[PDB]
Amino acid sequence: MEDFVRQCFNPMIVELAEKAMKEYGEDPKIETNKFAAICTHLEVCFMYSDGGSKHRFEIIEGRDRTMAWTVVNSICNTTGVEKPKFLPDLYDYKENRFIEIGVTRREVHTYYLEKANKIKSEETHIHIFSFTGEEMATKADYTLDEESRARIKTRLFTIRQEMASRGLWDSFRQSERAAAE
């Protein structure tokens, strides 16, 4: 699984997933599934950010935490929007709202609600993608055009196929459920 991750995602994404895991004392060599999940989540964050006009999104995910909060503070004090209790993934200068992005190997609506309750914030938009091509957004708003979202979905499904092809997919779909329970 480890070797698969390093040739599936780019070094920058891998590099940042490693840091993210290390910051919390977790080891990518042992918890290889969570390693893959983090690379995936980052890739989706980046793609999502790229989907818009050039300066539309501030990227909050994939930074050192302290600098992230600083940028969040800047946005809140700048635009009037409420400070969220949990670190979001993006800010949308176009729509004037923070975005949390989810990637589940489980049901889109299940994951959506686990998130929605935890944040407990009306302002933060929520956007969930599955490895099977479904997506769910708050108020049925997807932010991006159909083209952008389709590229994301395609990419996720490619990751699933690539894992399945090597026998790593079952173990990976297992991990999330076990983590939840």
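Residue positions are given as counts along the sequence shown, with the first one as 1.
Asker: Highest mean C-alpha temperature factor of the two stretches 9-17 and 169-177, which is it?
Answerer: So the stretch with the higher mean C-alpha B-factor is 169-177.
Asker: Using the B-factors recorded in the PDB entry, average over the C-alpha atoms of 40-48 and of 128-136, then report which stretch comes out higher.
Answerer: The stretch with the larger mean CA B-factor is 128-136.
Asker: Between 149, 115, 56, 155, which one tops the list for C-alpha B-factor in the PDB entry?
Answerer: By C-alpha B-factor in the record, 115 ranks first.
Asker: Using the B-factors in the PDB entry, rank residue 61's C-alpha atom against the chain and give the third, lowest, middle or highest.
Answerer: For residue 61, the deposited C-alpha B-factor lands in the lowest third.
Asker: Can you work out whether the C-alpha temperature factor of residue 70 puts it in the lowest, middle or highest third of the chain?
Answerer: According to the entry, residue 70 has a C-alpha B-factor in the chain's lowest third.
Asker: Where does the C-alpha B-factor of residue 82 rank in its chain, lowest, middle or highest third?
Answerer: Its C-alpha B-factor belongs to the highest third of this chain's values.
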